[PDB]
Amino acid sequence: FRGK
Amino acid sequence: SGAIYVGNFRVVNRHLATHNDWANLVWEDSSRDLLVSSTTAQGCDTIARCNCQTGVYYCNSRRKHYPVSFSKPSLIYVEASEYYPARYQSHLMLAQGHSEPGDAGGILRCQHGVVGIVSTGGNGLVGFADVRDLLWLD
Ligand SMILES: [Zn+2]
């Protein structure tokens, strides 16, 4: 998934 | 933000969790990308008790609120990232919309309260982790  | 604050609970994306989160762990699920930790202060959010499939979420990369329509929560195959191997993610709601690295953590709301949190995205889709089944949060 995400979180960057 | 980047987090849902309800009751004495802090809800975040599991891969965005801090050390303090794990130290104060209440509950986590890799397959949902969710982690909940305890707080001392009382939180201001309420989890939506509904089956709404439209709402508004905050997009980090754009710095804007966007109205969105999203599918009912489901098992979705998600490609490897630097946070997980390729896997099935459960309770993932999908939407058409703009999506970038760093948008995870944006909160999705309807008129009933908090519905979920951006977890994944790509190929013109934004993936939201549904939190409405977590009735014990309220
Ligand atoms: Zn609703």
Side-chain angles (χ1 to χ4, degrees), chain A, chain B residues 1-68 70-95 97-138:
Chain A
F1 45 45
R2 201 155 258 174
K4 318 228 191 101
Chain B
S1 39
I4 302 158
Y5 296 97
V6 50
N8 292 292
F9 294 124
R10 175 167 185 245
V11 183
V12 293
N13 298 88
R14 199 183 182 272
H15 71 292
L16 297 177
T18 65
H19 277 170
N20 172 76
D21 279 324
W22 286 99
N24 294 111
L25 184 67
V26 168
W27 174 84
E28 50 79 31
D29 194 315
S30 197
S31 55
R32 298 183 59 168
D33 184 27
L34 295 171
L35 182 147
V36 176
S37 57
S38 38
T39 65
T40 54
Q42 192 81 3
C44 288
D45 292 307
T46 292
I47 309 310
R49 300 294 184 82
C50 67
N51 301 286
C52 282
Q53 289 312 127
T54 63
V56 174
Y57 91 103
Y58 184 76
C59 173
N60 290 340
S61 69
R62 290 282 175 82
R63 282 187 343 96
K64 288 192 279 158
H65 297 261
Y66 285 142
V68 63
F70 45 94
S71 61
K72 289 189 56 64
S74 306
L75 274 168
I76 311 275
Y77 198 71
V78 180
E79 288 307 328
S81 64
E82 60 268 52
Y83 297 103
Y84 290 136
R87 80 211 207 284
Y88 284 100
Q89 197 169 322
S90 67
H91 299 218
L92 192 58
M93 307 181 287
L94 300 179
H98 168 71
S99 56
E100 297 182 43
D103 279 350
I107 286 83
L108 169 72
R109 298 172 196 275
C110 64
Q111 55 151 331
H112 305 110
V114 171
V115 173
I117 187 174
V118 175
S119 162
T120 76
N123 204 26
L125 302 168
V126 179
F128 298 92
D130 197 355
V131 298
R132 287 174 294 188
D133 62 307
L134 304 183
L135 308 188
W136 53 267
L137 282 175
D138 279 307

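Side chains included, hydrogens not; waters and symmetry mates left out as well; all remaining heavy atoms used. Chain letters run A, B, ... following the sequence lines, proteins first and then strands; every chain starts at 1.
- Between B/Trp27 and B/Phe9, the ring center distance fails the sub-6.0 Å criterion.
- Looking only at distances, a side-chain donor or acceptor of B/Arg49 sits under 3.5 Å from a matching main-chain atom of B/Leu135.
- Between B/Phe128 and B/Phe70, the two ring planes are tilted [angle within 30° to 60°].
- Going from atom CG of B/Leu108 over to atom NE2 of B/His65 covers 12.0 Å, rounded to the nearest 0.5 Å.
- Nearest heavy atoms, B/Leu25 versus B/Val36: CD1-O, 3.6 Å.
- Between B/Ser99 and B/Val126 the shortest heavy-atom distance is CB-CG2, 3.8 Å.
- The heavy-atom pair separating B/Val115 from B/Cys110 by the smallest distance is CG2-SG, 3.5 Å.
- At least one donor-acceptor pair under 3.5 Å links the side chain of B/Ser81 to the backbone N or O of A/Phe1.
- A distance of 8.0 Å separates CD1 of B/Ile117 from CG of B/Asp33, quoted to the nearest 0.5 Å.
- Side-chain contact check for B/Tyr84 versus B/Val78: every heavy-atom pair is 4.5 Å or farther apart.
- B/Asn20 CG to B/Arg10 CZ: the interatomic distance, rounded to the nearest 0.5 Å, is 7.5 Å.
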- Query: Passes side chain to side chain contact (heavy atoms under 4.5 Å, CB included), B/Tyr88 versus B/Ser90? Steps please.
  - Reply: CA-CA 6 Å; B/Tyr88 284 100; B/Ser90 67; over 6 Å; no
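- Put simply, CG on B/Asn51 and CZ on B/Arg132 are 6.0 Å apart, with the number rounded to the nearest 0.5 Å.
- Between the side chains of B/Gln89 and B/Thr120, not a single donor N or O lies within less than 3.5 Å of an accepting N or O.
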- Could you check B/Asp103 against B/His98 for side chain to side chain contact (heavy atoms under 4.5 Å, CB included), going step by step and ending with a plain yes or no? CA-CA 9 Å; B/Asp103 279 350; B/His98 168 71; 4.0 Å; yes
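- Looking at B/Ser119, its side chain never comes within 3.5 Å of a backbone N or O of B/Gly127 through a donor-acceptor pair.
- Expressed to the nearest 0.5 Å, how far NE2 of B/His112 lies from CD1 of B/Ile47 amounts to 14.0 Å.
- Using modelled atom types and a 3.5 Å distance limit, the side chains of B/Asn24 and B/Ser37 yield no donor-acceptor pair.
- The environment of B/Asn8 atom CG is dense: over 12 non-hydrogen atoms of other residues, nucleotides or ligands sit within 6.0 angstrom.
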- Take B/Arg109 and B/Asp45 through the test salt bridge (charged side-chain N to carboxylate O under 4.0 Å, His left out) and record every step on the way to the result. CA-CA 10 Å; B/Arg109 298 172 196 275; B/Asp45 292 307; 3.2 Å; yes
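- When all heavy atoms of B/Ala17 and B/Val12 are compared, the closest pair comes out as CA-CG2, 4.3 Å.
- Put simply, the side chain of B/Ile4 reaches to within 4.5 Å of the side chain of B/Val131, judged on heavy atoms.
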- Task: Let me see the working for B/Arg14 and B/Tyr83 under side chain to side chain contact (heavy atoms under 4.5 Å, CB included), right down to the final yes or no.
- Result: CA-CA 9 Å; B/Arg14 199 183 182 272; B/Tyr83 297 103; over 6 Å; no
- Go through the steps to decide whether B/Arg32 and B/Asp133 satisfy the test side chain to side chain contact (heavy atoms under 4.5 Å, CB included), and finish with yes or no. CA-CA 12 Å; B/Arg32 298 183 59 168; B/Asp133 62 307; 2.8 Å; yes
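- The minimum heavy-atom distance between B/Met93 and B/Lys72, with the atom names listed, is CG-C, 4.3 Å.
- No donor-acceptor distance shorter than 3.5 angstrom exists from the side chain of B/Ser61 to the backbone of B/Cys59, with no hydrogens or angles considered.
- Rounding to the nearest 0.5 angstrom, the gap separating the CG atom in B/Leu34 from the CG atom in B/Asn13 is 7.0 Å.
- Within the 3.5 Å criterion, the main-chain N or O of B/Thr46 finds no donor-acceptor partner in the side chain of B/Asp138.
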